[PDB]
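Source file: upload08.pdb; contents: PDB, C-alpha atoms and all ligand atoms.
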ATOM      1  CA  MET A   1       0.000   0.000   0.000  1.00  0.00           C
ATOM      2  CA  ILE A   2       1.169   3.557  -0.722  1.00  0.00           C
ATOM      3  CA  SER A   3       1.047   6.400   1.803  1.00  0.00           C
ATOM      4  CA  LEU A   4       2.292   9.990   1.948  1.00  0.00           C
ATOM      5  CA  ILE A   5       3.523  11.670   5.115  1.00  0.00           C
ATOM      6  CA  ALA A   6       3.988  15.424   5.345  1.00  0.00           C
ATOM      7  CA  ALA A   7       3.961  18.493   7.559  1.00  0.00           C
ATOM      8  CA  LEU A   8       1.725  21.239   6.244  1.00  0.00           C
ATOM      9  CA  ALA A   9       1.844  24.885   7.241  1.00  0.00           C
ATOM     10  CA  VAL A  10      -1.049  27.259   6.603  1.00  0.00           C
ATOM     11  CA  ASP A  11      -2.090  27.225   2.885  1.00  0.00           C
ATOM     12  CA  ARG A  12      -0.115  24.008   2.265  1.00  0.00           C
ATOM     13  CA  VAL A  13       3.456  25.301   2.385  1.00  0.00           C
ATOM     14  CA  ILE A  14       6.003  22.493   2.747  1.00  0.00           C
ATOM     15  CA  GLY A  15       9.387  24.089   2.008  1.00  0.00           C
ATOM     16  CA  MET A  16      11.537  27.178   1.477  1.00  0.00           C
ATOM     17  CA  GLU A  17      15.019  27.458  -0.024  1.00  0.00           C
ATOM     18  CA  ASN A  18      15.705  23.671   0.155  1.00  0.00           C
ATOM     19  CA  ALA A  19      14.663  23.342   3.806  1.00  0.00           C
ATOM     20  CA  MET A  20      11.641  23.387   6.110  1.00  0.00           C
ATOM     21  CA  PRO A  21      10.688  26.819   7.537  1.00  0.00           C
ATOM     22  CA  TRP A  22      10.141  25.501  11.076  1.00  0.00           C
ATOM     23  CA  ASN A  23      11.478  23.079  13.668  1.00  0.00           C
ATOM     24  CA  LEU A  24       9.050  20.739  15.391  1.00  0.00           C
ATOM     25  CA  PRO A  25      10.334  17.801  17.460  1.00  0.00           C
ATOM     26  CA  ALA A  26       6.822  16.432  18.108  1.00  0.00           C
ATOM     27  CA  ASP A  27       6.169  16.040  14.396  1.00  0.00           C
ATOM     28  CA  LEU A  28       9.659  14.585  14.081  1.00  0.00           C
ATOM     29  CA  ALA A  29       8.635  11.930  16.595  1.00  0.00           C
ATOM     30  CA  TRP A  30       5.381  11.283  14.716  1.00  0.00           C
ATOM     31  CA  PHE A  31       7.309  10.966  11.457  1.00  0.00           C
ATOM     32  CA  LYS A  32       9.766   8.513  13.017  1.00  0.00           C
ATOM     33  CA  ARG A  33       6.961   6.461  14.558  1.00  0.00           C
ATOM     34  CA  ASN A  34       5.004   6.053  11.338  1.00  0.00           C
ATOM     35  CA  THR A  35       8.028   5.604   9.053  1.00  0.00           C
ATOM     36  CA  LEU A  36       9.689   2.940  11.231  1.00  0.00           C
ATOM     37  CA  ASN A  37      10.237  -0.467   9.573  1.00  0.00           C
ATOM     38  CA  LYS A  38       8.744   0.970   6.383  1.00  0.00           C
ATOM     39  CA  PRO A  39      10.577   1.807   3.148  1.00  0.00           C
ATOM     40  CA  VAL A  40      10.863   5.497   2.256  1.00  0.00           C
ATOM     41  CA  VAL A  41      10.893   7.247  -1.113  1.00  0.00           C
ATOM     42  CA  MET A  42      11.990  10.807  -1.863  1.00  0.00           C
ATOM     43  CA  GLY A  43      13.104  13.100  -4.741  1.00  0.00           C
ATOM     44  CA  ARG A  44      16.645  14.371  -5.404  1.00  0.00           C
ATOM     45  CA  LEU A  45      16.742  17.754  -3.657  1.00  0.00           C
ATOM     46  CA  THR A  46      15.121  16.268  -0.544  1.00  0.00           C
ATOM     47  CA  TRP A  47      17.722  13.493  -0.377  1.00  0.00           C
ATOM     48  CA  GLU A  48      20.359  16.159  -0.851  1.00  0.00           C
ATOM     49  CA  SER A  49      18.592  18.174   1.873  1.00  0.00           C
ATOM     50  CA  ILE A  50      19.353  15.268   4.169  1.00  0.00           C
ATOM     51  CA  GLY A  51      22.424  13.555   2.713  1.00  0.00           C
ATOM     52  CA  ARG A  52      22.204  10.590   5.060  1.00  0.00           C
ATOM     53  CA  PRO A  53      19.879   7.559   4.805  1.00  0.00           C
ATOM     54  CA  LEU A  54      17.235   6.604   7.398  1.00  0.00           C
ATOM     55  CA  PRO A  55      18.572   3.892   9.728  1.00  0.00           C
ATOM     56  CA  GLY A  56      17.388   0.329   9.075  1.00  0.00           C
ATOM     57  CA  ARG A  57      15.031   1.342   6.289  1.00  0.00           C
ATOM     58  CA  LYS A  58      15.131   0.719   2.567  1.00  0.00           C
ATOM     59  CA  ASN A  59      15.785   4.129   1.089  1.00  0.00           C
ATOM     60  CA  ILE A  60      14.584   4.831  -2.439  1.00  0.00           C
ATOM     61  CA  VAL A  61      15.119   8.051  -4.326  1.00  0.00           C
ATOM     62  CA  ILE A  62      13.799   9.086  -7.802  1.00  0.00           C
ATOM     63  CA  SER A  63      15.891  10.844 -10.476  1.00  0.00           C
ATOM     64  CA  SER A  64      17.264  11.181 -14.031  1.00  0.00           C
ATOM     65  CA  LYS A  65      20.980  11.154 -13.183  1.00  0.00           C
ATOM     66  CA  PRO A  66      23.313   8.234 -12.399  1.00  0.00           C
ATOM     67  CA  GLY A  67      23.416   7.156  -8.774  1.00  0.00           C
ATOM     68  CA  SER A  68      25.865   9.570  -7.193  1.00  0.00           C
ATOM     69  CA  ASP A  69      25.374   7.331  -4.203  1.00  0.00           C
ATOM     70  CA  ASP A  70      25.581   3.603  -3.419  1.00  0.00           C
ATOM     71  CA  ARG A  71      23.890   3.561   0.012  1.00  0.00           C
ATOM     72  CA  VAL A  72      20.479   4.227  -1.538  1.00  0.00           C
ATOM     73  CA  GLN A  73      18.542   2.669  -4.423  1.00  0.00           C
ATOM     74  CA  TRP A  74      17.957   4.947  -7.390  1.00  0.00           C
ATOM     75  CA  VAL A  75      14.840   4.752  -9.503  1.00  0.00           C
ATOM     76  CA  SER A  76      13.564   6.757 -12.530  1.00  0.00           C
ATOM     77  CA  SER A  77       9.726   6.662 -12.323  1.00  0.00           C
ATOM     78  CA  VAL A  78       6.749   5.514 -10.207  1.00  0.00           C
ATOM     79  CA  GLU A  79       5.691   1.887 -11.009  1.00  0.00           C
ATOM     80  CA  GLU A  80       9.189   0.344 -10.971  1.00  0.00           C
ATOM     81  CA  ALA A  81       9.789   2.292  -7.754  1.00  0.00           C
ATOM     82  CA  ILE A  82       6.955   0.271  -6.227  1.00  0.00           C
ATOM     83  CA  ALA A  83       8.558  -2.828  -7.731  1.00  0.00           C
ATOM     84  CA  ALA A  84      11.725  -1.501  -6.096  1.00  0.00           C
ATOM     85  CA  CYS A  85      10.001  -2.035  -2.749  1.00  0.00           C
ATOM     86  CA  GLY A  86       8.999  -5.659  -3.303  1.00  0.00           C
ATOM     87  CA  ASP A  87       6.313  -7.492  -1.330  1.00  0.00           C
ATOM     88  CA  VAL A  88       5.646  -4.910   1.383  1.00  0.00           C
ATOM     89  CA  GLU A  89       2.370  -4.074   3.175  1.00  0.00           C
ATOM     90  CA  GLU A  90       2.979  -0.318   3.310  1.00  0.00           C
ATOM     91  CA  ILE A  91       5.189   2.133   1.403  1.00  0.00           C
ATOM     92  CA  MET A  92       6.180   5.569   2.644  1.00  0.00           C
ATOM     93  CA  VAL A  93       6.562   8.698   0.567  1.00  0.00           C
ATOM     94  CA  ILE A  94       8.206  11.513   2.480  1.00  0.00           C
ATOM     95  CA  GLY A  95       8.504  14.156  -0.238  1.00  0.00           C
ATOM     96  CA  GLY A  96       8.549  16.353  -1.988  1.00  0.00           C
ATOM     97  CA  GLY A  97       5.945  18.212  -4.036  1.00  0.00           C
ATOM     98  CA  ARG A  98       6.180  16.566  -7.464  1.00  0.00           C
ATOM     99  CA  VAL A  99       6.573  13.109  -5.887  1.00  0.00           C
ATOM    100  CA  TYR A 100       3.586  13.911  -3.665  1.00  0.00           C
ATOM    101  CA  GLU A 101       1.617  14.917  -6.771  1.00  0.00           C
ATOM    102  CA  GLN A 102       2.468  11.795  -8.776  1.00  0.00           C
ATOM    103  CA  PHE A 103       1.869   9.402  -5.880  1.00  0.00           C
ATOM    104  CA  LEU A 104      -1.253  11.099  -4.563  1.00  0.00           C
ATOM    105  CA  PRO A 105      -3.431   9.291  -7.126  1.00  0.00           C
ATOM    106  CA  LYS A 106      -1.539   6.140  -6.165  1.00  0.00           C
ATOM    107  CA  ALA A 107      -1.656   6.778  -2.398  1.00  0.00           C
ATOM    108  CA  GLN A 108      -4.419   5.094  -0.377  1.00  0.00           C
ATOM    109  CA  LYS A 109      -3.645   6.823   2.914  1.00  0.00           C
ATOM    110  CA  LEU A 110      -2.374  10.213   4.103  1.00  0.00           C
ATOM    111  CA  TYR A 111      -0.308  10.923   7.191  1.00  0.00           C
ATOM    112  CA  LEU A 112      -0.630  14.666   7.632  1.00  0.00           C
ATOM    113  CA  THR A 113       0.755  17.041  10.194  1.00  0.00           C
ATOM    114  CA  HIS A 114      -1.187  20.281  10.218  1.00  0.00           C
ATOM    115  CA  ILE A 115       1.110  23.061  11.445  1.00  0.00           C
ATOM    116  CA  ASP A 116      -0.655  26.232  12.581  1.00  0.00           C
ATOM    117  CA  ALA A 117       1.697  28.826  11.153  1.00  0.00           C
ATOM    118  CA  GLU A 118       1.681  31.021   8.082  1.00  0.00           C
ATOM    119  CA  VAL A 119       5.186  31.177   6.741  1.00  0.00           C
ATOM    120  CA  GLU A 120       7.032  31.590   3.428  1.00  0.00           C
ATOM    121  CA  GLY A 121       7.562  28.806   0.917  1.00  0.00           C
ATOM    122  CA  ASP A 122       8.183  27.902  -2.700  1.00  0.00           C
ATOM    123  CA  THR A 123       6.821  24.370  -2.508  1.00  0.00           C
ATOM    124  CA  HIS A 124       3.307  23.186  -1.741  1.00  0.00           C
ATOM    125  CA  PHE A 125       1.535  19.885  -1.099  1.00  0.00           C
ATOM    126  CA  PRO A 126      -0.691  18.864  -4.029  1.00  0.00           C
ATOM    127  CA  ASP A 127      -4.273  19.969  -3.662  1.00  0.00           C
ATOM    128  CA  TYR A 128      -6.295  16.948  -2.778  1.00  0.00           C
ATOM    129  CA  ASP A 129     -10.055  16.885  -3.041  1.00  0.00           C
ATOM    130  CA  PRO A 130     -11.595  16.627   0.446  1.00  0.00           C
ATOM    131  CA  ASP A 131     -14.363  14.734  -1.381  1.00  0.00           C
ATOM    132  CA  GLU A 132     -11.816  11.953  -1.860  1.00  0.00           C
ATOM    133  CA  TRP A 133     -10.513  11.454   1.687  1.00  0.00           C
ATOM    134  CA  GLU A 134     -11.962  10.952   5.162  1.00  0.00           C
ATOM    135  CA  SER A 135     -10.350  11.475   8.577  1.00  0.00           C
ATOM    136  CA  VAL A 136      -9.984   8.348  10.706  1.00  0.00           C
ATOM    137  CA  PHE A 137      -7.639   9.948  13.248  1.00  0.00           C
ATOM    138  CA  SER A 138      -7.294  13.464  14.638  1.00  0.00           C
ATOM    139  CA  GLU A 139      -4.966  14.458  17.440  1.00  0.00           C
ATOM    140  CA  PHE A 140      -4.580  18.122  18.299  1.00  0.00           C
ATOM    141  CA  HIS A 141      -1.704  19.640  20.229  1.00  0.00           C
ATOM    142  CA  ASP A 142      -1.212  23.247  21.288  1.00  0.00           C
ATOM    143  CA  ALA A 143       2.230  24.806  21.040  1.00  0.00           C
ATOM    144  CA  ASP A 144       4.552  24.434  24.000  1.00  0.00           C
ATOM    145  CA  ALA A 145       8.132  24.709  25.113  1.00  0.00           C
ATOM    146  CA  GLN A 146       9.567  22.417  22.442  1.00  0.00           C
ATOM    147  CA  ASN A 147       6.901  23.100  19.823  1.00  0.00           C
ATOM    148  CA  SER A 148       6.889  26.652  18.465  1.00  0.00           C
ATOM    149  CA  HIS A 149       3.447  26.409  16.862  1.00  0.00           C
ATOM    150  CA  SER A 150       0.415  24.272  17.591  1.00  0.00           C
ATOM    151  CA  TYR A 151      -0.319  21.302  15.365  1.00  0.00           C
ATOM    152  CA  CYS A 152      -2.764  18.489  14.596  1.00  0.00           C
ATOM    153  CA  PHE A 153      -1.879  14.924  13.574  1.00  0.00           C
ATOM    154  CA  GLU A 154      -4.267  13.360  11.105  1.00  0.00           C
ATOM    155  CA  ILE A 155      -4.707  10.105   9.194  1.00  0.00           C
ATOM    156  CA  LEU A 156      -6.766  10.104   6.016  1.00  0.00           C
ATOM    157  CA  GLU A 157      -8.145   7.292   3.895  1.00  0.00           C
ATOM    158  CA  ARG A 158      -9.467   7.067   0.351  1.00  0.00           C
ATOM    159  CA  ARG A 159     -13.066   6.551  -0.702  1.00  0.00           C
TER     160      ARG A 159
HETATM  161  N1  LIG B 201       6.982  19.585   5.112  1.00  0.00           N
HETATM  162  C1  LIG B 201       7.237  18.398   4.565  1.00  0.00           C
HETATM  163  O1  LIG B 201       6.377  17.302   4.761  1.00  0.00           O
HETATM  164  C2  LIG B 201       8.469  18.218   3.725  1.00  0.00           C
HETATM  165  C3  LIG B 201       8.913  16.933   3.457  1.00  0.00           C
HETATM  166  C4  LIG B 201       9.796  16.721   2.408  1.00  0.00           C
HETATM  167  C5  LIG B 201      10.239  17.782   1.631  1.00  0.00           C
HETATM  168  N2  LIG B 201       9.805  19.047   1.897  1.00  0.00           N
HETATM  169  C6  LIG B 201      10.272  20.178   1.065  1.00  0.00           C
HETATM  170  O2  LIG B 201       9.700  20.112  -0.234  1.00  0.00           O
HETATM  171  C7  LIG B 201      10.660  20.396  -1.238  1.00  0.00           C
HETATM  172  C8  LIG B 201      10.835  19.200  -2.168  1.00  0.00           C
HETATM  173  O3  LIG B 201       9.718  19.050  -3.015  1.00  0.00           O
HETATM  174  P1  LIG B 201       9.877  19.339  -4.588  1.00  0.00           P
HETATM  175  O4  LIG B 201       8.535  19.362  -5.209  1.00  0.00           O
HETATM  176  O5  LIG B 201      10.769  20.508  -4.728  1.00  0.00           O
HETATM  177  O6  LIG B 201      10.712  18.088  -5.162  1.00  0.00           O
HETATM  178  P2  LIG B 201      10.644  16.488  -5.005  1.00  0.00           P
HETATM  179  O7  LIG B 201       9.334  15.957  -5.461  1.00  0.00           O
HETATM  180  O8  LIG B 201      11.013  16.040  -3.648  1.00  0.00           O
HETATM  181  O9  LIG B 201      11.811  16.026  -5.995  1.00  0.00           O
HETATM  182  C9  LIG B 201      11.631  16.048  -7.385  1.00  0.00           C
HETATM  183  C10 LIG B 201      12.937  15.568  -7.989  1.00  0.00           C
HETATM  184  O10 LIG B 201      12.869  14.167  -8.164  1.00  0.00           O
HETATM  185  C11 LIG B 201      13.101  13.798  -9.506  1.00  0.00           C
HETATM  186  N3  LIG B 201      11.924  13.071 -10.014  1.00  0.00           N
HETATM  187  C12 LIG B 201      10.664  13.100  -9.478  1.00  0.00           C
HETATM  188  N4  LIG B 201       9.854  12.316 -10.227  1.00  0.00           N
HETATM  189  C13 LIG B 201      10.577  11.791 -11.239  1.00  0.00           C
HETATM  190  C14 LIG B 201      10.241  10.930 -12.277  1.00  0.00           C
HETATM  191  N5  LIG B 201       8.994  10.481 -12.394  1.00  0.00           N
HETATM  192  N6  LIG B 201      11.206  10.546 -13.185  1.00  0.00           N
HETATM  193  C15 LIG B 201      12.497  11.019 -13.052  1.00  0.00           C
HETATM  194  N7  LIG B 201      12.823  11.873 -12.016  1.00  0.00           N
HETATM  195  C16 LIG B 201      11.880  12.256 -11.120  1.00  0.00           C
HETATM  196  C17 LIG B 201      13.232  15.072 -10.328  1.00  0.00           C
HETATM  197  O11 LIG B 201      14.473  15.112 -10.984  1.00  0.00           O
HETATM  198  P3  LIG B 201      14.650  14.524 -12.471  1.00  0.00           P
HETATM  199  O12 LIG B 201      13.342  14.063 -13.067  1.00  0.00           O
HETATM  200  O13 LIG B 201      15.274  15.584 -13.345  1.00  0.00           O
HETATM  201  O14 LIG B 201      15.602  13.371 -12.337  1.00  0.00           O
HETATM  202  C18 LIG B 201      13.158  16.218  -9.340  1.00  0.00           C
HETATM  203  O15 LIG B 201      14.369  16.938  -9.324  1.00  0.00           O
HETATM  204  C19 LIG B 201      11.968  20.697  -0.526  1.00  0.00           C
HETATM  205  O16 LIG B 201      12.147  22.092  -0.454  1.00  0.00           O
HETATM  206  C20 LIG B 201      11.777  20.127   0.863  1.00  0.00           C
HETATM  207  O17 LIG B 201      12.441  20.919   1.820  1.00  0.00           O
HETATM  208  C21 LIG B 201       8.932  19.263   2.930  1.00  0.00           C
HETATM  209  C1  LIG B 202       9.581  17.071   9.939  1.00  0.00           C
HETATM  210  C2  LIG B 202       9.876  15.968   8.920  1.00  0.00           C
HETATM  211  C3  LIG B 202       8.689  15.410   8.457  1.00  0.00           C
HETATM  212  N1  LIG B 202       7.578  15.444   9.203  1.00  0.00           N
HETATM  213  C4  LIG B 202       6.431  14.906   8.764  1.00  0.00           C
HETATM  214  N2  LIG B 202       5.347  14.956   9.528  1.00  0.00           N
HETATM  215  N3  LIG B 202       6.361  14.314   7.563  1.00  0.00           N
HETATM  216  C5  LIG B 202       7.448  14.259   6.785  1.00  0.00           C
HETATM  217  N4  LIG B 202       7.443  13.687   5.584  1.00  0.00           N
HETATM  218  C6  LIG B 202       8.647  14.807   7.210  1.00  0.00           C
HETATM  219  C7  LIG B 202       9.818  14.747   6.385  1.00  0.00           C
HETATM  220  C8  LIG B 202      10.782  14.686   5.692  1.00  0.00           C
HETATM  221  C9  LIG B 202      11.938  14.603   4.771  1.00  0.00           C
HETATM  222  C10 LIG B 202      11.435  14.033   3.454  1.00  0.00           C
HETATM  223  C11 LIG B 202      13.026  13.831   5.194  1.00  0.00           C
HETATM  224  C12 LIG B 202      13.689  13.096   4.216  1.00  0.00           C
HETATM  225  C13 LIG B 202      14.795  12.322   4.518  1.00  0.00           C
HETATM  226  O1  LIG B 202      15.399  11.632   3.505  1.00  0.00           O
HETATM  227  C14 LIG B 202      16.545  10.854   3.872  1.00  0.00           C
HETATM  228  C15 LIG B 202      15.239  12.277   5.836  1.00  0.00           C
HETATM  229  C16 LIG B 202      14.585  12.994   6.838  1.00  0.00           C
HETATM  230  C17 LIG B 202      15.084  12.937   8.142  1.00  0.00           C
HETATM  231  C18 LIG B 202      16.158  12.101   8.439  1.00  0.00           C
HETATM  232  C19 LIG B 202      16.682  12.041   9.728  1.00  0.00           C
HETATM  233  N5  LIG B 202      16.148  12.850  10.735  1.00  0.00           N
HETATM  234  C20 LIG B 202      15.086  13.706  10.434  1.00  0.00           C
HETATM  235  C21 LIG B 202      14.565  13.752   9.142  1.00  0.00           C
HETATM  236  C22 LIG B 202      13.484  13.797   6.511  1.00  0.00           C
END
Would you encode the structure as structure tokens?
Amino acid sequence: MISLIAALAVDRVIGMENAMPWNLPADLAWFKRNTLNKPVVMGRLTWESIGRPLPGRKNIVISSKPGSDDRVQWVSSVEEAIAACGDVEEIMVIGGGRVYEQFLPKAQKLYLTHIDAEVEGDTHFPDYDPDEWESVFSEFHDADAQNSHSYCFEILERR
């Protein structure tokens, strides 16, 4: 099964100047919890935004250049990227925007972190039709010491 996991600011902003315009440890924990023991897939600039694989996970990145790296599996499209996962129950897509867009029709579940902050960004999460998803899980958290802005964790499923 395919799923997308993302942190969304106000009006769906996900990134600015090859980075994320916030720092939330709670959402980091949520990310780590739901991406654990699952394979992850990302685009080039995101991989380059990290530069180091996720521990004990099968890391897959999508591109049009030769693998500049041997510690990760390189793929050039969507359907063979799924075949690059094998016989798995759940596949994780962690970004970014164009990957989100291409896999959103493929995705059957959405792990969304709703960040309550309006901030600046060049990249957005694909507009999904709220007609197409329903919320099975909603967990709201106000901002605190470690968390600069409030946030709400949500799990969506297709219909
Ligand atoms: N808040 C969040 O949840 C979060 C999480 C992750 C990332 N982000 C942010 O979002 C931004 C990244 O998103 P993005 O839209 O810029 O890029 P992206 O989707 O992560 O990466 C796209 C890259 O992957 C390659 N690619 C994608 N599909 C391909 C295909 N079908 N065939 C061949 N290559 C393909 C493309 O290069 P080529 O096609 O030329 O090879 C392209 O350069 C970053 O700024 C990051 O900081 C935010
Ligand atoms: C807030 C992070 C985050 N939060 C939520 N709720 N969803 C997400 N999808 C992401 C994210 C992300 C990006 C794609 C990412 C890619 C990556 O590709 C290797 C490694 C990491 C990462 C390696 C180690 N420690 C922290 C993050 C993050």
Padding 3 Å on each side, edges along x, y and z: where is the centre of the box around the listed atoms of ligand LIG 201 (chain B), and how long are its edges in Å to one decimal? Output it as JSON.
{"center_x": 11.0, "center_y": 16.3, "center_z": -4.1, "size_x": 15.2, "size_y": 17.6, "size_z": 24.5}
Residue 73 in chain A environment, 12 Å, only C-alpha atoms, sequence neighbours closer than 5 positions dropped, as JSON, numbers by chain: {"A": [39, 40, 41, 42, 43, 44, 47, 53, 57, 58, 59, 60, 61, 62, 63, 66, 67, 68, 80, 81, 82, 83, 84, 85]}
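Residues selected in this file by the PyMOL selection byres (((chain A and resi 13) around 7) and not hetatm) comprise residues 8, 9, 10, 11, 12, 14, 15, 121, 123, 124 and 125 of chain A.
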C-alpha atoms of the current selection, written as an mmCIF file, in the frame of the given file:
data_model
loop_
_atom_site.group_PDB
_atom_site.id
_atom_site.type_symbol
_atom_site.label_atom_id
_atom_site.label_comp_id
_atom_site.auth_asym_id
_atom_site.auth_seq_id
_atom_site.Cartn_x
_atom_site.Cartn_y
_atom_site.Cartn_z
ATOM 1 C CA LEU A 8 1.725 21.239 6.244
ATOM 2 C CA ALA A 9 1.844 24.885 7.241
ATOM 3 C CA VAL A 10 -1.049 27.259 6.603
ATOM 4 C CA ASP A 11 -2.090 27.225 2.885
ATOM 5 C CA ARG A 12 -0.115 24.008 2.265
ATOM 6 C CA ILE A 14 6.003 22.493 2.747
ATOM 7 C CA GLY A 15 9.387 24.089 2.008
ATOM 8 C CA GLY A 121 7.562 28.806 0.917
ATOM 9 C CA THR A 123 6.821 24.370 -2.508
ATOM 10 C CA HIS A 124 3.307 23.186 -1.741
ATOM 11 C CA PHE A 125 1.535 19.885 -1.099
#
Evaluate the PyMOL selection byres (((chain A and resi 101) around 12) and not hetatm) against this structure - the residues, as a CSV table (one decimal) with C-alpha atoms, in the frame of the given file, please.
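Now in result_2.csv:
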chain,number,residue,atom,x,y,z
A,4,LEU,CA,2.3,10.0,1.9
A,43,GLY,CA,13.1,13.1,-4.7
A,78,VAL,CA,6.7,5.5,-10.2
A,93,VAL,CA,6.6,8.7,0.6
A,94,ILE,CA,8.2,11.5,2.5
A,95,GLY,CA,8.5,14.2,-0.2
A,96,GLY,CA,8.5,16.4,-2.0
A,97,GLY,CA,5.9,18.2,-4.0
A,98,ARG,CA,6.2,16.6,-7.5
A,99,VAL,CA,6.6,13.1,-5.9
A,100,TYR,CA,3.6,13.9,-3.7
A,102,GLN,CA,2.5,11.8,-8.8
A,103,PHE,CA,1.9,9.4,-5.9
A,104,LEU,CA,-1.3,11.1,-4.6
A,105,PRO,CA,-3.4,9.3,-7.1
A,106,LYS,CA,-1.5,6.1,-6.2
A,107,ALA,CA,-1.7,6.8,-2.4
A,123,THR,CA,6.8,24.4,-2.5
A,124,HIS,CA,3.3,23.2,-1.7
A,125,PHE,CA,1.5,19.9,-1.1
A,126,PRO,CA,-0.7,18.9,-4.0
A,127,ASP,CA,-4.3,20.0,-3.7
A,128,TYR,CA,-6.3,16.9,-2.8
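Using all atoms listed in the file, the smallest distance between any of A:45, A:26, A:36, A:156 and ligand LIG 201 (chain B) comes from A:45.
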From A:153, A:7, A:54, A:77, residue lying nearest residue 136 in chain A [all atoms listed in the file]: A:153
Contact residues around range 22-24 of chain A with all atoms listed in the file at 9 Å, ignoring same-chain residues under 2 positions, as a PyMOL selection string: chain A and resi 19-20+26-29+119+146-149
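In this structure, CA of residue 115 in chain A sits 21.8 Å away from CA of residue 131 in chain A.
With all atoms listed in the file as the atoms that count, the minimum distance from residue 33 in chain A to the choices A:116, A:46, A:158, A:111 is reached by A:111.
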Selected residue of minimal separation from ligand LIG 201 (chain B) among A:157, A:79, A:69, A:144, counting only C-alpha atoms and all ligand atoms: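 Smallest separation from ligand LIG 201 (chain B) among the options: A:79.
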Point-to-point distance from CA of residue 118 in chain A to atom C10 of ligand LIG 202 (chain B), Å rounded to tenths: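 Straight-line distance from CA of residue 118 in chain A to atom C10 of ligand LIG 202 (chain B) works out to 20.1 Å.
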